[PDB]
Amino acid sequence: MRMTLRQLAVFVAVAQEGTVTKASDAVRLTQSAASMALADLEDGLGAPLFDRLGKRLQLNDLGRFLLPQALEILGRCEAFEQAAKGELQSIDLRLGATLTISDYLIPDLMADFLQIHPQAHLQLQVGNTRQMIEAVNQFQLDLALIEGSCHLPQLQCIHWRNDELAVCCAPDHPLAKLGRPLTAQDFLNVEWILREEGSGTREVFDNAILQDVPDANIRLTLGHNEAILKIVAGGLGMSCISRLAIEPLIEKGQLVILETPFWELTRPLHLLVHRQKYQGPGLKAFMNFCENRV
């Protein structure tokens, strides 16, 4: 046996960060100490682990195959030291979250997780669903909390909770004061202010509300929940937004919700992990925590 746990950690860090420089800071080694370690691993194994893309290092065919094995070896070693000293030692997680989850759930969730584990190391990256999927796919994230569809076969979609979107408008919109239940045909000429194409929130509108209003008027598309709601509340215009974002403004008399039972505005929120990623003590403790928010 030539390889060392330090070398495996460098191999993992380079796969997570993309360069020896970024990887060296993540394992707390000088840059040439890290490059010596990676070179020793590759020379000992008799093959390179990364294709050299001029600048970035990207896992090659062998590196991809070996990466999950390295993560399991490192995770068991962490479990080893834990199982001796008798409790959760080091937590080091790279997390991702989509826009609505990060605005209205992540701050409380991470703060509460750090009250219980004051020593936990957590990185947070925010993006849309497909940016999260690709990050988990590249082993760049340990876990992502997503609000969009979940359909990649090598990734695992663990249902976390359901999120209710709603059609909202200004309190003085004519449809809010209508003396009869609403119909889909009442929204034919509404001006919609929606989330960007490709986001999970926009998915719901396109797959639930666009069917009935195929010529829906959509001039404003914003990748920001608050900007949408301030414009909707600033006069006419409607949006289909998570109740997580609307309800804080319903308290301030800025918005109302229209009853639209003819449209299914559910969506599932998911925890996204790689099916091959060994779940060491760190990750697993965080997943259960997220689940135990029953």
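Numbering starts at 1 and runs along the sequence shown.
In this entry, the higher average B-factor at the C-alpha atoms falls on 148 to 156, of the pair 123 to 131 and 148 to 156. Mean C-alpha B-factor is higher over 282 to 290 than over the other stretch, the pair under comparison being 282 to 290 and 5 to 13. Across 196, 212, 164, 203, the greatest Cα temperature factor reported in the deposited entry is at 212. Within the selection 169, 74, 184, 143, the deposited Cα B-factor values reach their highest point at 184. Among the modelled residues of its chain, residue 44 has a C-alpha B-factor that falls in the middle third, as given in the PDB entry.
Ranked by Cα temperature factor within the chain, residue 70 sits in the lowest third according to the deposited record. For residue 250, the recorded CA B-factor ranks within the highest third of the chain. Only modelled residues enter the ranking. When all modelled residues of the chain are sorted by CA temperature factor, residue 57 is found within the middle third. Compared with the other modelled residues of the chain, the Cα B-factor recorded for residue 222 ranks in the lowest third.
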